[PDB]
Amino acid sequence: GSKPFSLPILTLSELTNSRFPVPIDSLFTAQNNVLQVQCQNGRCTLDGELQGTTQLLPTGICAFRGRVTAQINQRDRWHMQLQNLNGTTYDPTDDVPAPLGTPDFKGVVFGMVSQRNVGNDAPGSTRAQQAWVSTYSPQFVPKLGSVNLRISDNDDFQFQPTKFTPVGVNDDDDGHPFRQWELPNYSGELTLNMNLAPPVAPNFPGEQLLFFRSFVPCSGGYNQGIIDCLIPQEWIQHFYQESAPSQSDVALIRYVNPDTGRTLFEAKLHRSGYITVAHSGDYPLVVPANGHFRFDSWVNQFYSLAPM
Amino acid sequence: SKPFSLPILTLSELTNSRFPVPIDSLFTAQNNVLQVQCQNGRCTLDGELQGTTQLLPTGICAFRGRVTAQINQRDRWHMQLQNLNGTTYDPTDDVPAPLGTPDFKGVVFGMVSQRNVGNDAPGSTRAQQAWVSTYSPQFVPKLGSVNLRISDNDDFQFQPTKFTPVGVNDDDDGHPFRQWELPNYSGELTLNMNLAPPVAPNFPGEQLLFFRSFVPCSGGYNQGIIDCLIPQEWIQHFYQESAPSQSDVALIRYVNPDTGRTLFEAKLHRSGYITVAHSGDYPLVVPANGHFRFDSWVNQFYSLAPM
Ligand SMILES: C[C@@H]1O[C@@H](O[C@H]2[C@H](O[C@H]3[C@H](O)[C@@H](O)[C@@H](O)O[C@@H]3CO)O[C@H](CO)[C@H](O)[C@@H]2O)[C@@H](O)[C@H](O)[C@@H]1O
Ligand SMILES: C[C@@H]1O[C@@H](O[C@H]2[C@H](O[C@H]3[C@H](O)[C@@H](O)[C@@H](O)O[C@@H]3CO)O[C@H](CO)[C@H](O)[C@@H]2O)[C@@H](O)[C@H](O)[C@@H]1O
Ligand SMILES: [Mg+2]
Ligand SMILES: [Mg+2]
């Protein structure tokens, strides 16, 4: 007596990237990486179990919340003691890789910091300015409970409640490139990451991962700002609500044009929350603007996809 | 007849539908001459988006387009708008403004970013702080443009541009942040059109209930209050479900799932707003795990248990 699995009905431009808080721009299938994809945001099983650092709000993706408690004489100057994004106390002993929403790539996230005072020192006073968070930094230790910020104006920043709002990403300007498939060290140098969402890869000859791709903002230079996610944030939100039991390891899904009713191509949606297609080569898909996936049926690892 | 329902989400799992931040608390407001007519966060219970409302949380108070000119005014940089998905904006559309446009008087602060296309350094990028004043005579998003204030006027080109909002404030010249005052979407001496209607209680003893956020501010002591009628996730849910409304009012209950108890009840009106039976301004204090559940369809004259 199983509750039926389903996708939300949403066009690409009605979808949010689950790894950075921006809309999806396109679909892309990639040749198989030598190192397996293991992103930690945008991870959710088909029966609604969020994994990695994944939380439900787009506005939480690559955001931080906490208090600035110290400064050190380094480029990553301002020490931010983290809270959970909802303001509750962060417990480093929880079975998560890092606070939910933490970035899951190597590079620099740029955005703004904002503060609003509490307690006895001018409570209610506010300030905001540009900031950068480097996930290469030895002070990037979100799992332990803190990250350090680079800001624009070191003289207008207090030891007060602080929020970081991301806007874009970039390479660092000194030989530390933006690498979307390289995890940061959430507990810093010499410490292994733990409680990770598993790596994903095709397990079928002739198959490739299919990604929902965004071109996110950059703050200088020529980087394309590519961030690929496995399933969009709205699918994660939907699966969490529905909690429909998975009847096999593989759901067959069809990309449909609802006006004509025709299936354009089919894909496998795997239990742990990722898509494969039968294709060989890097390939940006060209599909109609009104197109969207629908669930067709439960299949299995024997099923051979029609060539994309 | 598909049964109506709410998504099951706690307050910290909800996004404000009028600014891209989480909900912080519930608040009920004293009825007064304050007319509520927000244009973001407007959706009927059977899933019809209204006003400037669109589905993407990251589109709320965002702009997308091209910077095409500058003028010798504070609102210096002329941004021709696209729809948030990059398609051509049509000013003849039956909307108040491009979907996502801010629906309040004030200054929105955030960042602008550019990525060049065409013959001039294609692929080159830049980003910096920017402000959009919705008081500005150049704030004419319905006509297809807004003008930006930026921090560094020497590093900004005539190129594709995105504005990402971060927070709000009063202007520094005294023009206040007024969340219930609509901008003039076509500028001076024009009338707003295609508006989602004003919202108010219609039954004695009832008050609107808001989902409230305290959003970032960029100086001073503004509390950053933005109240919405229903959160973005409810709008997204109603859009997907399209469940027929069986009457003018859906009775809903705020429940503590841990204990099973109903904390209070409220009326969810078919045009997408909530009333409760209370008198006076009141920030609700309720447990963190609480959430609304649909109870039943009732009429306009159904009497709520006082809260
Ligand atoms: C591509 C630009 O990126 C940002 O400026 C970066 C800057 O660029 C300069 C180029 O190096 C130079 O060849 C010439 O084209 O002018 C550019 C801007 O003055 O390089 C510095 C380090 O050398 C920084 O990395 C800057 O971020 C952006 O501000 C510009 O508008 C360009 O898009
Ligand atoms: C509350 C501060 O807001 C920002 O600073 C503002 C600076 O505020 C001044 C007050 O106006 C003043 O009467 C008293 O409080 O001192 C403050 C600074 O001394 O005032 C200027 C006016 O020229 C600007 O409005 C600033 O925004 C923020 O930068 C500070 O950190 C405080 O939170
Ligand atoms: Mg489906
Ligand atoms: Mg319900």
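Values below: every heavy atom of this structure, side chains too, minus hydrogens, waters and symmetry copies. Atoms within a ligand are numbered from 1 in the order they appear, just like the ligands themselves. Proteins get letters first, then strands, A, B, ... in listed order; numbering begins at 1 in each.
- Nearest protein heavy-atom contact of atom 1 (C) of ligand 2 is B/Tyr221 CE1, 3.5 Å.
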Go through the steps to decide whether A/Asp25 and A/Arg213 satisfy the test salt bridge (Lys or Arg N to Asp or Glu O under 4.0 Å), and finish with yes or no.
CA-CA 6 Å; A/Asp25 294 298; A/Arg213 174 164 285 198; over 6 Å; no

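- A donor-acceptor pair shorter than 3.5 Å cannot be found between the side chains of A/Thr16 and A/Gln233.
- Given atom 31 (O) of ligand 2, the protein heavy atom at minimum distance is A/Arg127 NE, 2.6 Å.
- Regarding atom 29 (O) of ligand 2, its nearest protein heavy-atom neighbour is A/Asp156 OD2, 2.8 Å.
- A salt bridge is defined here as a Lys NZ or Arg NE, NH1 or NH2 lying under 4.0 Å from an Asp or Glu carboxylate O, and B/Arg74 with B/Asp172 meets this definition.
- Within a 4.0 Å radius of atom 10 (C) of ligand 2, the protein has no heavy atom.
- Within a 4.0 Å radius of atom 23 (O) of ligand 2, the protein contributes no heavy atom.
- The presence of a protein heavy atom under 4.0 Å from atom 3 (O) of ligand 2 is confirmed.
- Side-chain atoms of B/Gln207 and B/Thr28 include a donor-acceptor pair closer than 3.5 Å.
- In terms of protein heavy-atom proximity, atom 27 (O) of ligand 2 is nearest to B/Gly219 CA, 4.0 Å.
- No hydrogens or angles considered: nothing links the side chains of A/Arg116 and B/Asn222 as a donor-acceptor pair under 3.5 Å.
- Distance remark: protein heavy atom not present below 4.0 angstrom from atom 15 (O) of ligand 2.
- Looking at atom 5 (O) of ligand 2, its nearest protein heavy atom turns out to be B/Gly220 N, 4.6 Å.
- Residue, atom and distance of the protein heavy atom nearest to atom 28 (C) of ligand 2 are A/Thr126 O, 3.3 Å.
- Across A/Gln115, A/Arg65, A/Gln81, a single residue satisfies side-chain hydrogen bond (donor to acceptor under 3.5 Å, both in side chains) together with A/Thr162, and that is A/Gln115.
- When only modelled atom types and interatomic distance are considered, B/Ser247 and B/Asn299 share no side-chain donor-acceptor pair under 3.5 Å.
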